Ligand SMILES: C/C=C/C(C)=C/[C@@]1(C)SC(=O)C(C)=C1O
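Below sits a lone chain in structure tokens, taken as the form solved without this ligand.
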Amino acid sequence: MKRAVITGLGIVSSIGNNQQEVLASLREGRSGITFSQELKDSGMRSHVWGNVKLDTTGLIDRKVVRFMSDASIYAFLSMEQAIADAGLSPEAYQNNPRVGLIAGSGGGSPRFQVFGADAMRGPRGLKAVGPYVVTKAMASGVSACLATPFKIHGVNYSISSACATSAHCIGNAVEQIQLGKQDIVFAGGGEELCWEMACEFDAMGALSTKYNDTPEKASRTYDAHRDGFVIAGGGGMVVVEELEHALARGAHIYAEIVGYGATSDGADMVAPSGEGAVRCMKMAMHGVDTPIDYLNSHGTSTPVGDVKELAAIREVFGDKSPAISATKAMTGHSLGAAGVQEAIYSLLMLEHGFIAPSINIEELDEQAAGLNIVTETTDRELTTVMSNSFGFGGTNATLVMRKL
């Protein structure tokens, strides 16, 4: 069947506003986490976040940006980067029924939803709301706001699956190539960063609260004293392309997507089962005839979640587990953007031949013993990498990417 490769990438993240900045942060083990006065002022217990450090004012034409929330702004800038990186001209990708876009967010825009309700409840009613809230607040905002300006004619929709959102977007893009329906699908996602959404996670006890005075130490996957994830925002986009089409245009190919797992736990709303993760990893590895050299774990810095995933990894890999690191210890958890951003970090590791460190492990959890959790940047010629995304609601995605 038809093979899918990644031929371009773009990213706006807590650890860099393009792939050059991201690569430098990954190699340096640099945290993207900062103290947030906004989260503190809202009354939250978690006062830290992985913010995008970019003035986005003016970067997008007004006729386009007027429809957008921050998730769409970050995804749009990532898409522009990905198109440039792929070397795609408008003649090639615009008004082309074989070019699609599958990109989502986990939350839509709580900020604009709340803005609309607050405005409506004041004396000016509909006049205060204005005419742009639907495209900002709707769950499909990220795909809708990008498909128009980029003149996409093929598929156009958003997948959402909480932390797995943009990993399922990439896997669905692979499926469109496999079905022969598309030659290129831009795949990815975006997530805004705001107290309106963050407080929902803090209310469920999911966020880190004990390290507000030392923000760079709060996200600490696998450390014995981890206490929840650090919320983040941003976007990412990859160009998923059919192999013969890529070769025919002289594309730069980062990797082939040689496996895509998607499963469901059917168990707990907010905690992973393990069993679903084992099936998801095995599905992504089926038929893949090379070992996993590096695994970018879901690893959010939660007491239960981090070790549930490690137990699943031990079950999948038996006595030959891969090198592992949790890049969320540097970046935080960007929710709908995490799958694509972590696919990109993994592709940069593959392209540049290094493993990024799993930072802030002052005392390794007892349940991580015996695994090669890499804690210092390591040069290594990688061939095959895996990235896990295990979302709330028991939804799992795994991607396996390999050099061609």
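Numbers follow the displayed sequence, beginning with 1.
This next part talks about the form solved in complex with this ligand, which is not shown.
Enquirer: Just checking whether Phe229 would be counted as a contact of this ligand in the deposited complex - the rule being heavy atoms within 4.5 angstroms.
Expert: Yes, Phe229 is a contact residue.
Enquirer: Just checking whether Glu315 would be counted as a contact of this ligand in the deposited complex - the rule being heavy atoms within 4.5 angstroms.
Expert: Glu315: no, not in contact with this ligand in the deposited complex.
Enquirer: With a 4.5 Å heavy atom cut-off, would you call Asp213 a contact of this ligand in the deposited complex?
Expert: Because no heavy atom of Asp213 falls inside 4.5 Å of this ligand in the deposited complex, the answer is no.
Enquirer: Can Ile159 be called a contact residue for this ligand in the deposited complex at 4.5 Å between heavy atoms?
Expert: No.
Enquirer: Determine which one of 269-277, 87-95, 233-241, 287-295 lies within 4.5 Å of this ligand in the deposited complex, judging by heavy atom distances; exactly one does.
Expert: Result for this chain: 269-277.
Enquirer: Quick check on this chain: which one of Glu175, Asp265, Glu80, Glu256 has a heavy atom within 4.5 Å of this ligand in the deposited complex?
Expert: Going through each option in turn, the one that passes is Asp265.
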